[PDB]
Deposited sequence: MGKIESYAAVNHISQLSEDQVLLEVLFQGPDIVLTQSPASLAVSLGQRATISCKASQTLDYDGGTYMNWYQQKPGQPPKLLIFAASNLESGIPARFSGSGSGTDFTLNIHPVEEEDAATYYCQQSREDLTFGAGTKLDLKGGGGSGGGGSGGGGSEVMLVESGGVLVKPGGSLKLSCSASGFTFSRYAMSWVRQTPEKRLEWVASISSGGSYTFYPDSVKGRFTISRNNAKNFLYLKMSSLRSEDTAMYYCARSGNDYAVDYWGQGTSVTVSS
């Protein structure tokens, strides 16, 4: 019935392929310098007077954090040394003066046609135990969930995004706010199912016919302003191996 909220512009299903090339792969800067990170889109991201480029920061063992939405809008709580610019196909993230806590990997991401990500830029200044999560055999199945609180869950589109061991981010499912519409990339269509409970505030991902290439950290994530992914739940790692 009523209009629902979606995770990407092209997902809108009621009346009312884009590659991101991110450069450089890594950046070594000194405290207080300017860091400049570039993202070129294979198609324009301009739509209806907006431009659907978002930028995220991610530190090891943590979910990505929204920095910039709609190309140039600074997310609340992010310091103003972060800025974004660009339109159409050419986008830039600038950080100046860089601080020590800004060492991280940065990703661009577009929400004009599904959700796709740049390959990332590791920003460095000047013993590890790594979680494999749940071990599954190929062909097996698994179900993940997330809960939500502190906001009206039923008003927001939700997604699952996974991160491979190579640190690539890949969108794997979206569901509209009222759960009427679901969306998947070809890589998982027919095997993964996203669902939600708007009475108890849960999001689910059912994964079946698991493949080795489904090995990844899986994040549940909310779509906020202008199709940015503004809150990411902590990840659940899945290792598919014989």
query: Missing residue ranges, deposited sequence indexing starting at 1; finding: 1, 18-30, 141-157
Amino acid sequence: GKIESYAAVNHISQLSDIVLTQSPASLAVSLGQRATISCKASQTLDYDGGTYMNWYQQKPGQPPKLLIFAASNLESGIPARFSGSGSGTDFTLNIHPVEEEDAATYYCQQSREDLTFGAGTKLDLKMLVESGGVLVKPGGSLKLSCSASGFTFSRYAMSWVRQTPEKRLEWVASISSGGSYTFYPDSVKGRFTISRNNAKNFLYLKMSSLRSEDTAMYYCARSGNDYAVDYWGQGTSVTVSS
From here on, numbers count along this sequence of modelled residues.
property: Of 128-136 and 92-100, the one with larger mean CA B-factor; result: 128-136
property: Greater mean Cα temperature factor according to the PDB record, 19-27 or 228-236; result: 19-27
property: 196, 65, 206, 189, ranked by C-alpha B-factor: the highest one; result: 189
property: Third of the chain, ranked by Cα B-factor, where residue 166 sits; result: highest
property: Record-listed C-alpha B factor of residue 212: chain third; result: highest
property: Third assignment of residue 111 from its chain's C-alpha B-factors; result: middle
property: Chain-wide C-alpha B factor ranking for residue 87, given as lowest, middle or highest third; result: highest
property: Relative C-alpha B-factor of residue 173, binned into the chain's lowest, middle or highest third; result: lowest
